[PDB]
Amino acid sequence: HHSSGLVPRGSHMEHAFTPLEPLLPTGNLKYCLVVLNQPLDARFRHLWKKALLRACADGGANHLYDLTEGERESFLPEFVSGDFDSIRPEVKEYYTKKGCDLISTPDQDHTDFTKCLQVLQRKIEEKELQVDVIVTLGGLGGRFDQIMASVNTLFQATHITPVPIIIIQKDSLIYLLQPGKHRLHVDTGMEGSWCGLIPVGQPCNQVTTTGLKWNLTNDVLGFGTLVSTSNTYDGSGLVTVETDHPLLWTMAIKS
């Protein structure tokens, strides 16, 4: 203001995110990996390799243990948290003898996924390291109530860690967009054909987007009113979203 010479004016911060980047072979993101109790998709090995930290939520360990025979010492979690109402005795044993940190989380008011994030967040600050994103595998298939629980974890996550969290399983990815403006880069080449915007918690009364086939212009998104599913990209390679309330972004993963 009071300075002289050219001076940038106008400007509002925007959240610039690239969803499926962790799925890119090369690149150097810096992310943590969380394995939930669900069948592991083949992309897990590559994701594990470059992850800064890996962990498993209860049953998640069973799935990891069973899909890494002959090379399990190459897939040793930094820690396995949960309540152990899912991990098999022998699996709990193996990881404990190899040095894995087994953390018990009894709380019956919260899922192991949520509790696992709490442990992860703590290990993050406690190890003075920071991540650009937390990649969660599984949680979108199987039991319906659990799928919803996963979505609800993304809500609580805002109070657990400042690091963005994405959930991936089979051909889907979800990411909760907090109120404000977002710039999502969907030009990694790993993108599928569909995408969508789900009002999960409450109606989003003012949504505006760009880069979609069916864009919103200060529109209302709400169950029973209008939910964007089976939407697609305009080809620009960029999607911007502005929402007044938490809005769930979902997109397809190639192949």
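The first residue of the shown sequence is 1; numbering continues from there.
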| property | result |
| --- | --- |
| Comparing 104-112 with 145-153, the one whose average Cα B-factor in the PDB entry is higher | 104-112 |
| Stretch exceeding the other in mean C-alpha B-factor - 64-72, 190-198 | 64-72 |
| Out of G180, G82, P164, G139, residue topping the C-alpha B-factor column of the entry | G82 |
| Maximum C-alpha temperature factor, selected from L247, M13, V241, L238 | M13 |
| Record-listed C-alpha B factor of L212: chain third | lowest |
| Third of chain Cα B-factors occupied by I87 | highest |
| CA B-factor ranking of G27, expressed as a third of its chain | highest |
| Third of the chain's Cα B-factor distribution that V227 belongs to, per the entry | lowest |
| Relative C-alpha B-factor of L53, binned into the chain's lowest, middle or highest third | highest |
